[PDB]
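full-length UniProt numbering applies: residue 869 is where the sequence shown begins, and numbers increase by one. Heads up, the thing below is written out as structure tokens.
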Amino acid sequence: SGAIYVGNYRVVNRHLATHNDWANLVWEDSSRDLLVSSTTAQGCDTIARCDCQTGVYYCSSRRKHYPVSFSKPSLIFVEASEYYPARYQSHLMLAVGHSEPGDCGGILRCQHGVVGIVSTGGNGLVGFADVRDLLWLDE
Ligand SMILES: NC(=O)[C@H]1CCCN(C(=O)Cc2ccccc2C(F)(F)F)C1
Ligand SMILES: [Zn+2]
């Protein structure tokens, strides 16, 4: 679990969104596993606007942060779940690093700010849903 709080917005994994998130919906995209809801308090985080391919992510299953090199946002496949079916998740970045169920929501950051959140993983890999193209989170 985990979320990005920026201004009057909360960004979470779509498969983990709450009833409150859906009742205060701003935007959602099942193909990206993202959902953004509105909040009444000002958010604690800053968003990166860059093309960094190195950064640090939080891994709940190890209670530790790890440095990673990650790929450019692209399409990757993800098997079924209580949430989705075999598809090409878009805007997804892969990295060599640990992840397991329960790790979604961990933040990935570079020197410019928040890059995205853990959304996929498997066999020594970890996938992050990018948020750097969501320019509207700031204005
Ligand atoms: N974006 C999705 O469709 C995810 C929905 C939940 C399930 N999902 C996963 O990949 C679950 C998984 C499996 C092995 C290692 C790590 C994970 C992690 F990080 F939790 F995502 C896929
Ligand atoms: Zn950056």
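Backbone N, C-alpha and C fix where the C-beta goes; we use that ideal spot for every residue, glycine too.
- Within its own chain, the residues whose Cβ lies closer than 8 Å to the Cβ of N888, once the five positions on either side in sequence are excluded, are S905, listed in chain order.
- Judged by the Cβ position, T988 qualifies as a neighbour of ligand 1 at the 6 Å threshold, a heavy atom of the ligand being closer than this.
- Considering only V874, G974, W895, the residue with the shortest C-alpha distance to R931 is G974.
- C927 counts as buried, since at least 16 other C-beta atoms from the protein chains shown sit within 10 angstroms of its C-beta.
- If only complete runs of 3 or more residues are kept, the stretch 916-955 shows the beta strand (DSSP E) at 922-927, 932-937, 942-946, in order along the chain.
- Cβ contact annotation for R882 (same chain, cutoff 8 Å, sequence separation greater than five): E896, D897, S898, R900, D901, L902, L903, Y951, in chain order.
- Residue range 993-998 is occupied by the beta strand (DSSP E) that includes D998.
- In this structure, ligand 2 has no non-hydrogen atom nearer than 6 Å to the beta-carbon of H959.
- In the structure shown, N881 falls within a strand segment according to DSSP collapsed to helix, strand and coil.
- Taking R917 as reference, the option from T988, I872, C978 with the minimal CA-CA separation is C978.
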